[PDB]
$ cat query.cif   # mmCIF, N, CA and C atoms
data_target
#
loop_
_atom_site.label_atom_id
_atom_site.label_comp_id
_atom_site.auth_asym_id
_atom_site.auth_seq_id
_atom_site.Cartn_x
_atom_site.Cartn_y
_atom_site.Cartn_z
N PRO F 233 106.23 -1.01 69.50
CA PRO F 233 107.05 -0.17 70.36
C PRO F 233 107.08 1.29 69.90
N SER F 234 107.20 2.22 70.85
CA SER F 234 107.63 3.56 70.49
C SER F 234 106.45 4.53 70.36
N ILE F 235 105.24 3.98 70.26
CA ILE F 235 104.08 4.85 70.03
C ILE F 235 104.41 6.17 69.30
N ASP F 236 103.99 6.24 68.07
CA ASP F 236 104.24 7.40 67.25
C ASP F 236 102.92 8.08 66.91
N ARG F 237 102.64 9.23 67.50
CA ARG F 237 101.33 9.82 67.30
C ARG F 237 101.25 10.53 65.95
N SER F 238 102.38 10.56 65.24
CA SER F 238 102.47 11.23 63.96
C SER F 238 101.73 10.47 62.85
N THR F 239 101.47 9.17 63.05
CA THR F 239 100.64 8.37 62.15
C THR F 239 99.12 8.23 62.57
N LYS F 240 98.69 8.91 63.62
CA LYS F 240 97.24 8.87 63.99
C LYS F 240 96.42 9.50 62.87
N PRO F 241 95.23 8.93 62.55
CA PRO F 241 94.45 9.72 61.62
C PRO F 241 93.86 10.92 62.39
N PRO Z 233 65.44 14.97 61.11
CA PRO Z 233 65.08 13.73 60.40
C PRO Z 233 64.99 12.47 61.31
N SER Z 234 65.37 11.30 60.80
CA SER Z 234 65.03 10.04 61.50
C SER Z 234 66.22 9.18 61.86
N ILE Z 235 66.25 8.81 63.15
CA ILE Z 235 67.35 8.04 63.77
C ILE Z 235 66.96 6.69 64.44
N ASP Z 236 67.68 5.63 64.03
CA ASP Z 236 67.49 4.22 64.51
C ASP Z 236 68.87 3.75 64.98
N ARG Z 237 69.05 3.58 66.28
CA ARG Z 237 70.39 3.20 66.83
C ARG Z 237 70.80 1.72 66.72
N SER Z 238 69.84 0.85 66.37
CA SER Z 238 70.09 -0.55 66.32
C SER Z 238 71.12 -0.96 65.25
N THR Z 239 71.31 -0.13 64.20
CA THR Z 239 72.29 -0.38 63.14
C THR Z 239 73.67 0.28 63.44
N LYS Z 240 73.84 0.88 64.63
CA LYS Z 240 75.18 1.32 64.99
C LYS Z 240 76.14 0.16 65.05
N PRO Z 241 77.38 0.34 64.54
CA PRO Z 241 78.46 -0.60 64.79
C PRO Z 241 78.74 -0.62 66.31
N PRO U 266 83.75 -6.50 65.81
CA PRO U 266 84.65 -7.61 66.24
C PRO U 266 85.52 -7.18 67.43
N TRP U 267 86.20 -8.12 68.09
CA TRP U 267 86.86 -7.83 69.38
C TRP U 267 88.37 -8.04 69.28
N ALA U 268 89.15 -7.52 70.24
CA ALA U 268 90.64 -7.72 70.19
C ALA U 268 91.13 -7.65 71.68
N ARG U 269 92.08 -8.53 72.07
CA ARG U 269 92.68 -8.52 73.42
C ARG U 269 93.86 -7.57 73.54
N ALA U 270 93.85 -6.70 74.58
CA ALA U 270 94.99 -5.83 74.81
C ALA U 270 96.17 -6.70 75.26
N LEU U 271 97.29 -6.45 74.61
CA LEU U 271 98.56 -7.14 74.95
C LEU U 271 99.26 -6.34 76.04
N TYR U 272 99.04 -5.00 76.05
CA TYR U 272 99.83 -4.07 76.85
C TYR U 272 98.84 -3.04 77.34
N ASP U 273 99.14 -2.46 78.51
CA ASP U 273 98.48 -1.22 78.93
C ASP U 273 98.75 -0.11 77.89
N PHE U 274 97.74 0.72 77.69
CA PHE U 274 97.85 1.92 76.84
C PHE U 274 97.15 3.04 77.59
N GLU U 275 97.90 4.13 77.82
CA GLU U 275 97.36 5.30 78.53
C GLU U 275 96.98 6.33 77.50
N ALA U 276 95.72 6.72 77.54
CA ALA U 276 95.20 7.71 76.58
C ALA U 276 95.75 9.10 77.02
N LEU U 277 96.29 9.90 76.10
CA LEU U 277 96.83 11.26 76.43
C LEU U 277 96.10 12.34 75.71
N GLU U 278 95.03 11.93 75.04
CA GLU U 278 94.19 12.86 74.30
C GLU U 278 92.76 12.34 74.24
N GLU U 279 91.81 13.26 74.02
CA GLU U 279 90.41 12.89 74.20
C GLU U 279 89.94 11.93 73.13
N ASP U 280 90.69 11.87 72.02
CA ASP U 280 90.36 10.98 70.92
C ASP U 280 91.11 9.68 71.04
N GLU U 281 91.84 9.48 72.15
CA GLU U 281 92.42 8.15 72.40
C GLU U 281 91.57 7.26 73.33
N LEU U 282 91.71 5.93 73.14
CA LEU U 282 90.99 4.97 74.00
C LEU U 282 92.04 4.26 74.85
N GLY U 283 92.11 4.57 76.13
CA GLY U 283 93.07 3.83 76.97
C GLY U 283 92.55 2.46 77.41
N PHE U 284 93.49 1.58 77.83
CA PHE U 284 93.05 0.24 78.32
C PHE U 284 94.18 -0.43 79.06
N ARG U 285 93.81 -1.46 79.82
CA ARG U 285 94.75 -2.31 80.60
C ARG U 285 94.99 -3.62 79.82
N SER U 286 96.23 -4.14 79.91
CA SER U 286 96.53 -5.45 79.33
C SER U 286 95.48 -6.46 79.75
N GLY U 287 95.16 -7.37 78.84
CA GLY U 287 94.03 -8.33 78.99
C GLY U 287 92.59 -7.84 78.80
N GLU U 288 92.35 -6.52 78.82
CA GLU U 288 90.98 -6.02 78.51
C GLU U 288 90.69 -6.35 77.05
N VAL U 289 89.42 -6.49 76.70
CA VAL U 289 89.05 -6.93 75.33
C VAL U 289 88.24 -5.82 74.68
N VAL U 290 88.87 -5.06 73.81
CA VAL U 290 88.25 -3.87 73.19
C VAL U 290 87.42 -4.27 71.93
N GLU U 291 86.34 -3.56 71.61
CA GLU U 291 85.68 -3.71 70.31
C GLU U 291 86.38 -2.89 69.23
N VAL U 292 86.72 -3.51 68.11
CA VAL U 292 87.43 -2.80 67.09
C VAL U 292 86.42 -2.32 66.07
N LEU U 293 86.29 -0.99 65.95
CA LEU U 293 85.37 -0.44 64.95
C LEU U 293 86.03 -0.17 63.60
N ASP U 294 87.35 0.00 63.57
CA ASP U 294 88.05 0.23 62.34
C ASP U 294 89.46 -0.27 62.53
N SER U 295 89.81 -1.21 61.65
CA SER U 295 91.16 -1.78 61.55
C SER U 295 91.76 -1.44 60.16
N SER U 296 91.16 -0.46 59.49
CA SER U 296 91.60 -0.21 58.13
C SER U 296 92.97 0.50 58.13
N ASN U 297 93.31 1.25 59.20
CA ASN U 297 94.60 1.95 59.40
C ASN U 297 95.63 0.97 59.98
N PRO U 298 96.87 0.95 59.45
CA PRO U 298 97.85 -0.02 59.94
C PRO U 298 98.41 0.31 61.30
N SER U 299 98.36 1.60 61.70
CA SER U 299 99.04 2.09 62.89
C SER U 299 98.13 2.28 64.12
N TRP U 300 96.96 2.89 63.85
CA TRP U 300 96.07 3.36 64.89
C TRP U 300 94.65 2.90 64.51
N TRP U 301 94.12 2.03 65.36
CA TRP U 301 92.79 1.48 65.17
C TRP U 301 91.82 2.31 66.03
N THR U 302 90.56 2.18 65.65
CA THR U 302 89.47 2.86 66.39
C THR U 302 88.73 1.75 67.13
N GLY U 303 88.59 1.97 68.43
CA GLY U 303 88.01 1.01 69.38
C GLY U 303 86.82 1.62 70.17
N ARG U 304 86.08 0.73 70.80
CA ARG U 304 85.14 1.08 71.86
C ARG U 304 85.39 0.26 73.19
N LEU U 305 85.43 0.95 74.32
CA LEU U 305 85.51 0.29 75.63
C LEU U 305 84.79 1.25 76.60
N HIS U 306 84.06 0.63 77.52
CA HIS U 306 83.30 1.42 78.50
C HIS U 306 82.33 2.42 77.74
N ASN U 307 81.88 2.01 76.56
CA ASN U 307 80.98 2.79 75.76
C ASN U 307 81.57 4.15 75.24
N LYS U 308 82.89 4.24 75.18
CA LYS U 308 83.52 5.45 74.56
C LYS U 308 84.38 4.99 73.40
N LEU U 309 84.48 5.82 72.31
CA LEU U 309 85.38 5.41 71.21
C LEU U 309 86.70 6.15 71.36
N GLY U 310 87.73 5.58 70.75
CA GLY U 310 88.97 6.34 70.64
C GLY U 310 89.94 5.57 69.77
N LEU U 311 90.99 6.27 69.41
CA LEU U 311 92.12 5.71 68.72
C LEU U 311 93.12 5.05 69.68
N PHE U 312 93.71 3.98 69.22
CA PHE U 312 94.79 3.32 69.98
C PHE U 312 95.78 2.58 69.04
N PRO U 313 97.03 2.31 69.53
CA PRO U 313 98.03 1.73 68.61
C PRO U 313 97.62 0.30 68.25
N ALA U 314 97.50 0.01 66.96
CA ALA U 314 97.07 -1.31 66.46
C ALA U 314 97.85 -2.41 67.13
N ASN U 315 99.17 -2.27 67.15
CA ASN U 315 100.04 -3.35 67.66
C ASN U 315 99.90 -3.61 69.16
N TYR U 316 99.20 -2.73 69.91
CA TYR U 316 98.92 -3.02 71.35
C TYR U 316 97.82 -4.07 71.65
N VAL U 317 97.19 -4.58 70.63
CA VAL U 317 96.09 -5.56 70.75
C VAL U 317 96.19 -6.73 69.76
N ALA U 318 95.28 -7.73 70.00
CA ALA U 318 94.89 -8.99 69.19
C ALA U 318 94.71 -8.92 67.72
N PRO U 319 93.47 -9.17 67.28
CA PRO U 319 92.05 -9.58 67.33
C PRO U 319 91.66 -10.96 67.74
N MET U 320 90.44 -11.08 68.29
CA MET U 320 89.67 -12.30 68.45
C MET U 320 88.58 -12.11 67.41
N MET U 321 87.83 -11.00 67.62
CA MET U 321 86.34 -10.97 67.57
C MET U 321 85.79 -12.25 68.22
N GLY O 264 93.76 14.66 55.11
CA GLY O 264 93.88 13.51 56.07
C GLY O 264 92.63 12.67 56.13
N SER O 265 91.54 13.27 56.60
CA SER O 265 90.27 12.59 56.53
C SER O 265 89.37 13.41 55.65
N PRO O 266 88.37 12.75 55.08
CA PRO O 266 87.38 13.56 54.43
C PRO O 266 86.66 14.41 55.47
N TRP O 267 86.13 15.53 55.05
CA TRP O 267 85.27 16.33 55.96
C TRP O 267 83.83 16.33 55.43
N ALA O 268 82.89 16.51 56.32
CA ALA O 268 81.51 16.46 55.93
C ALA O 268 80.73 17.49 56.69
N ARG O 269 79.88 18.17 55.93
CA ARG O 269 79.04 19.27 56.48
C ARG O 269 77.80 18.70 57.18
N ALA O 270 77.56 19.09 58.45
CA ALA O 270 76.30 18.73 59.12
C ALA O 270 75.16 19.51 58.54
N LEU O 271 74.19 18.72 58.05
CA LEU O 271 72.93 19.32 57.50
C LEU O 271 71.77 19.57 58.53
N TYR O 272 71.78 18.82 59.65
CA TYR O 272 70.81 18.95 60.69
C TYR O 272 71.58 18.82 62.01
N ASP O 273 70.95 19.32 63.08
CA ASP O 273 71.50 19.06 64.43
C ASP O 273 71.37 17.60 64.79
N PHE O 274 72.38 17.09 65.50
CA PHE O 274 72.33 15.70 66.01
C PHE O 274 72.68 15.69 67.47
N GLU O 275 71.73 15.20 68.29
CA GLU O 275 71.95 15.17 69.73
C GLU O 275 72.50 13.81 70.13
N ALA O 276 73.77 13.79 70.56
CA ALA O 276 74.31 12.50 71.10
C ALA O 276 73.50 12.08 72.36
N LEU O 277 73.09 10.79 72.41
CA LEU O 277 72.49 10.21 73.63
C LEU O 277 73.26 9.11 74.35
N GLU O 278 74.49 8.82 73.87
CA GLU O 278 75.38 7.90 74.50
C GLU O 278 76.76 8.45 74.23
N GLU O 279 77.63 8.01 75.11
CA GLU O 279 79.05 8.43 75.05
C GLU O 279 79.83 8.10 73.73
N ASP O 280 79.38 7.09 73.01
CA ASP O 280 80.02 6.63 71.78
C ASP O 280 79.41 7.36 70.56
N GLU O 281 78.44 8.26 70.85
CA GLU O 281 77.95 9.16 69.82
C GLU O 281 78.64 10.50 69.70
N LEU O 282 78.65 11.03 68.47
CA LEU O 282 79.25 12.35 68.20
C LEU O 282 78.15 13.38 67.92
N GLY O 283 77.77 14.18 68.92
CA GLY O 283 76.68 15.17 68.69
C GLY O 283 77.26 16.33 67.91
N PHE O 284 76.40 17.06 67.21
CA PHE O 284 76.84 18.26 66.51
C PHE O 284 75.62 19.12 66.14
N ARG O 285 75.96 20.33 65.72
CA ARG O 285 74.99 21.30 65.32
C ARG O 285 75.05 21.40 63.80
N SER O 286 73.90 21.51 63.18
CA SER O 286 73.92 21.89 61.71
C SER O 286 74.99 22.97 61.42
N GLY O 287 75.76 22.80 60.35
CA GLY O 287 76.80 23.67 59.91
C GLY O 287 78.16 23.23 60.36
N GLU O 288 78.25 22.49 61.47
CA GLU O 288 79.63 22.07 61.83
C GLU O 288 80.24 21.18 60.72
N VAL O 289 81.56 21.09 60.70
CA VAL O 289 82.26 20.30 59.71
C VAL O 289 83.00 19.19 60.50
N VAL O 290 82.53 17.96 60.23
CA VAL O 290 82.97 16.76 60.96
C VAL O 290 84.12 16.05 60.15
N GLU O 291 85.17 15.62 60.84
CA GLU O 291 86.26 14.82 60.20
C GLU O 291 85.78 13.41 60.17
N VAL O 292 85.56 12.89 58.96
CA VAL O 292 84.96 11.56 58.79
C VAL O 292 86.06 10.46 58.80
N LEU O 293 86.36 9.90 59.98
CA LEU O 293 87.45 8.89 60.06
C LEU O 293 87.06 7.57 59.35
N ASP O 294 85.81 7.21 59.37
CA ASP O 294 85.35 5.91 58.86
C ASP O 294 83.95 6.16 58.25
N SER O 295 83.87 6.01 56.91
CA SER O 295 82.65 6.10 56.18
C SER O 295 82.28 4.72 55.56
N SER O 296 82.78 3.60 56.12
CA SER O 296 82.52 2.26 55.59
C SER O 296 81.11 1.78 55.91
N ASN O 297 80.58 2.12 57.08
CA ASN O 297 79.23 1.68 57.44
C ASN O 297 78.15 2.49 56.73
N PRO O 298 77.11 1.84 56.25
CA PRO O 298 76.17 2.64 55.44
C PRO O 298 75.18 3.53 56.28
N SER O 299 75.06 3.26 57.59
CA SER O 299 74.10 3.90 58.47
C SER O 299 74.74 4.91 59.44
N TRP O 300 75.89 4.48 59.98
CA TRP O 300 76.50 5.28 61.10
C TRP O 300 78.02 5.48 60.84
N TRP O 301 78.43 6.75 60.64
CA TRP O 301 79.88 6.98 60.31
C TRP O 301 80.60 7.30 61.66
N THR O 302 81.93 7.24 61.68
CA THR O 302 82.69 7.61 62.88
C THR O 302 83.32 8.94 62.53
N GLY O 303 83.10 9.88 63.40
CA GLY O 303 83.60 11.24 63.17
C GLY O 303 84.52 11.72 64.29
N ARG O 304 85.23 12.80 64.01
CA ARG O 304 85.95 13.49 65.07
C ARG O 304 85.54 14.95 65.08
N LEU O 305 85.12 15.46 66.24
CA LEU O 305 84.78 16.92 66.33
C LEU O 305 84.94 17.28 67.82
N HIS O 306 85.30 18.52 68.13
CA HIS O 306 85.58 18.91 69.56
C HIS O 306 86.55 17.91 70.27
N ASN O 307 87.54 17.44 69.52
CA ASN O 307 88.65 16.62 70.03
C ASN O 307 88.23 15.22 70.44
N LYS O 308 86.99 14.84 70.10
CA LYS O 308 86.52 13.50 70.50
C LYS O 308 86.00 12.73 69.29
N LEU O 309 85.91 11.43 69.44
CA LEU O 309 85.39 10.49 68.43
C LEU O 309 83.99 10.07 68.77
N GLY O 310 83.22 9.74 67.74
CA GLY O 310 81.89 9.23 67.96
C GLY O 310 81.16 8.83 66.70
N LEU O 311 80.14 8.00 66.87
CA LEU O 311 79.27 7.57 65.78
C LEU O 311 78.19 8.63 65.56
N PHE O 312 77.82 8.77 64.27
CA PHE O 312 76.76 9.73 63.94
C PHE O 312 76.05 9.25 62.61
N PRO O 313 74.78 9.69 62.42
CA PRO O 313 74.02 9.16 61.24
C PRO O 313 74.61 9.62 59.95
N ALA O 314 74.98 8.68 59.08
CA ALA O 314 75.71 9.07 57.86
C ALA O 314 74.83 10.05 57.01
N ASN O 315 73.51 9.87 57.07
CA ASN O 315 72.63 10.75 56.25
C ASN O 315 72.43 12.19 56.83
N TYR O 316 72.93 12.47 58.04
CA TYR O 316 72.95 13.83 58.61
C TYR O 316 74.06 14.76 58.07
N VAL O 317 74.96 14.27 57.19
CA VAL O 317 76.05 15.10 56.68
C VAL O 317 76.15 15.01 55.18
N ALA O 318 76.83 15.99 54.58
CA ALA O 318 77.18 15.92 53.14
C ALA O 318 78.71 16.10 53.01
N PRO O 319 79.39 15.20 52.25
CA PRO O 319 80.81 15.41 51.97
C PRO O 319 81.11 16.79 51.41
N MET O 320 82.12 17.44 51.97
CA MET O 320 82.64 18.65 51.34
C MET O 320 83.68 18.30 50.31
N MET O 321 83.45 18.84 49.11
CA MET O 321 84.15 18.41 47.90
C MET O 321 85.25 19.41 47.56
N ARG O 322 85.39 20.37 48.47
CA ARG O 322 86.29 21.48 48.31
C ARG O 322 86.36 22.23 49.63
#

$ encode --input "query.cif" --output "structure tokens"
Amino acid sequence: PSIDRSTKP
Amino acid sequence: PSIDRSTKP
Amino acid sequence: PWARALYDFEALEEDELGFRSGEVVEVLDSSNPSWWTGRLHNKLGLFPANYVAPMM
Amino acid sequence: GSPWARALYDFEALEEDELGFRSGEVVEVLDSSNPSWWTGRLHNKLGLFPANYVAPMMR
């Protein structure tokens, strides 16, 4: 849930 | 140089 | 190896791979816990790990 | 975040899952696990490219 783009490489 | 695509993932 | 989409995912950037629930993406990298690298329709992109399987 | 790698030769992408580049560009190496074809990010897109076409930048 929540999709956090802050952890994308 | 030299390229062989068969070893692509 | 392969993985089944559990949920639709809409790509919002060119480095994302969007997909529809039930589509079966190729997983090229599962080494990241959050965002995996996939191939679908012959394009690669990042997508949220938890939105899919794996089968392979 | 990711290692970066210097392109030593031009690479012409011939499929959508390839990452083309020009000698001198600096590619973000997301996955260097495969010995033949690495996954890179450049021009906001992802793609496979020949691992021997780049050199890791060490600084």

$ residues_around --input "query.cif" --residues "residue 300 (chain U)" --least-positions-apart "6" --cutoff "7 Å" --atoms "all atoms listed in the file" --output "ChimeraX atom specification"
/F:239-241 /U:294,311-315

$ interface_residues --input "query.cif" --of "chain O" --to "chain F" --cutoff "8 Å" --atoms "all atoms listed in the file" --output "list in words"
residues 264, 265 and 293 of chain O

$ write_last_selection --input "query.cif" --atoms "N, CA and C atoms" --output "PDB file, keeping the file's coordinate frame"
ATOM      1  N   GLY O 264      93.760  14.660  55.110  1.00  0.00           N
ATOM      2  CA  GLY O 264      93.880  13.510  56.070  1.00  0.00           C
ATOM      3  C   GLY O 264      92.630  12.670  56.130  1.00  0.00           C
ATOM      4  N   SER O 265      91.540  13.270  56.600  1.00  0.00           N
ATOM      5  CA  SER O 265      90.270  12.590  56.530  1.00  0.00           C
ATOM      6  C   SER O 265      89.370  13.410  55.650  1.00  0.00           C
ATOM      7  N   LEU O 293      86.360   9.900  59.980  1.00  0.00           N
ATOM      8  CA  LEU O 293      87.450   8.890  60.060  1.00  0.00           C
ATOM      9  C   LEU O 293      87.060   7.570  59.350  1.00  0.00           C
TER      10      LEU O 293
END

$ residues_around --input "query.cif" --residues "residue 284 (chain O)" --least-positions-apart "2" --cutoff "9 Å" --atoms "only C-alpha atoms" --output "number ranges by chain"
O: 270, 272-276, 282, 286-290, 305, 312

$ resolve_selection --input "query.cif" --expression "the PyMOL selection byres (((chain U and resi 286 and name CA) around 9) and name CA)" --output "PyMOL selection string"
chain U and resi 269-274+284-285+287-289+316-317

$ closest_atom_pairs --input "query.cif" --of "chain U" --to "chain Z" --cutoff "8 Å" --atoms "only N, CA and C atoms" --output "Markdown table"
| residue | atom | partner | partner_atom | distance |
| --- | --- | --- | --- | --- |
| U:266 | N | Z:241 | C | 7.7 |
| U:292 | C | Z:241 | C | 7.9 |
| U:293 | CA | Z:241 | C | 6.8 |

$ atom_distance --input "query.cif" --atom1 "atom C of residue 303 (chain U)" --atom2 "CA of residue 321 (chain O)"
28.0 Å

$ atom_distance --input "query.cif" --atom1 "atom N of residue 267 (chain U)" --atom2 "atom C of residue 319 (chain U)"
6.2 Å

$ resolve_selection --input "query.cif" --expression "the PyMOL selection byres ((chain O) within 7 of (chain U))" --output "list in words"
residues 278, 279, 280, 281, 307, 308, 309 and 310 of chain O

$ build_atoms --input "query.cif" --residues "chain F" --atoms "N, CA, C and O atoms" --output "PDB file, in the coordinates of the input"
ATOM      1  N   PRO F 233     106.230  -1.010  69.500  1.00  0.00           N
ATOM      2  CA  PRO F 233     107.050  -0.170  70.360  1.00  0.00           C
ATOM      3  C   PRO F 233     107.080   1.290  69.900  1.00  0.00           C
ATOM      4  O   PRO F 233     107.000   1.583  68.696  1.00  0.00           O
ATOM      5  N   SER F 234     107.200   2.220  70.850  1.00  0.00           N
ATOM      6  CA  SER F 234     107.630   3.560  70.490  1.00  0.00           C
ATOM      7  C   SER F 234     106.450   4.530  70.360  1.00  0.00           C
ATOM      8  O   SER F 234     106.645   5.761  70.334  1.00  0.00           O
ATOM      9  N   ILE F 235     105.240   3.980  70.260  1.00  0.00           N
ATOM     10  CA  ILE F 235     104.080   4.850  70.030  1.00  0.00           C
ATOM     11  C   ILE F 235     104.410   6.170  69.300  1.00  0.00           C
ATOM     12  O   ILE F 235     104.962   7.131  69.862  1.00  0.00           O
ATOM     13  N   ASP F 236     103.990   6.240  68.070  1.00  0.00           N
ATOM     14  CA  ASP F 236     104.240   7.400  67.250  1.00  0.00           C
ATOM     15  C   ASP F 236     102.920   8.080  66.910  1.00  0.00           C
ATOM     16  O   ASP F 236     102.141   7.538  66.132  1.00  0.00           O
ATOM     17  N   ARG F 237     102.640   9.230  67.500  1.00  0.00           N
ATOM     18  CA  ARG F 237     101.330   9.820  67.300  1.00  0.00           C
ATOM     19  C   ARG F 237     101.250  10.530  65.950  1.00  0.00           C
ATOM     20  O   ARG F 237     100.164  10.957  65.524  1.00  0.00           O
ATOM     21  N   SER F 238     102.380  10.560  65.240  1.00  0.00           N
ATOM     22  CA  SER F 238     102.470  11.230  63.960  1.00  0.00           C
ATOM     23  C   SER F 238     101.730  10.470  62.850  1.00  0.00           C
ATOM     24  O   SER F 238     101.383  11.076  61.841  1.00  0.00           O
ATOM     25  N   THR F 239     101.470   9.170  63.050  1.00  0.00           N
ATOM     26  CA  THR F 239     100.640   8.370  62.150  1.00  0.00           C
ATOM     27  C   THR F 239      99.120   8.230  62.570  1.00  0.00           C
ATOM     28  O   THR F 239      98.371   7.491  61.915  1.00  0.00           O
ATOM     29  N   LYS F 240      98.690   8.910  63.620  1.00  0.00           N
ATOM     30  CA  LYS F 240      97.240   8.870  63.990  1.00  0.00           C
ATOM     31  C   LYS F 240      96.420   9.500  62.870  1.00  0.00           C
ATOM     32  O   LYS F 240      96.821  10.540  62.349  1.00  0.00           O
ATOM     33  N   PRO F 241      95.230   8.930  62.550  1.00  0.00           N
ATOM     34  CA  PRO F 241      94.450   9.720  61.620  1.00  0.00           C
ATOM     35  C   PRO F 241      93.860  10.920  62.390  1.00  0.00           C
ATOM     36  O   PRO F 241      93.716  10.927  63.620  1.00  0.00           O
TER      37      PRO F 241
END
